[PDB]
């Protein structure tokens, strides 16, 4: 009982009941997605990826290898994640940096999350923020304009 749009390319069988995956999403085979998620249009979800239950991923987000999203997380549109702190074309690290977005946290629209980051339970990341350090549980963080 999950809904995969005919215009998505979903290669993972590991998708929970109630989850919706919308148009022009790519989901690679090893991705794990929980129950009652909403994966909005134009998202990319790689292999070494775990996403919990009741997660909302708005449009235009990519979830790279090494990223874990816990239950009840909200990820705003065009939010960007990283798994490589010093990227150079065709220079593959032995191991990708890991990011974890902990239960109930929310990431505002168009925020940028550096590699290796923990965002604590129920944190709120302001729209457009750059997150270069871990954010503590329940903290509201935004970049000064």
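Residue numbers count along the first chain shown, from 1.
Looking at 31-39 and 85-93 together, the entry lists the larger mean B-factor for 85-93, computed on C-alpha atoms. Mean C-alpha B-factor is higher over 128-136 than over the other stretch, the pair under comparison being 20-28 and 128-136. The residue among 55, 117, 79, 45 whose C-alpha carries the highest B-factor in the deposited model is 117. Among all modelled residues in its chain, residue 105 ranks in the lowest third by Cα B-factor. Looking at the C-alpha B-factors along this chain, the one for residue 15 belongs to the highest third. The PDB entry assigns residue 67 a C-alpha temperature factor belonging to the highest third of its chain's modelled residues.
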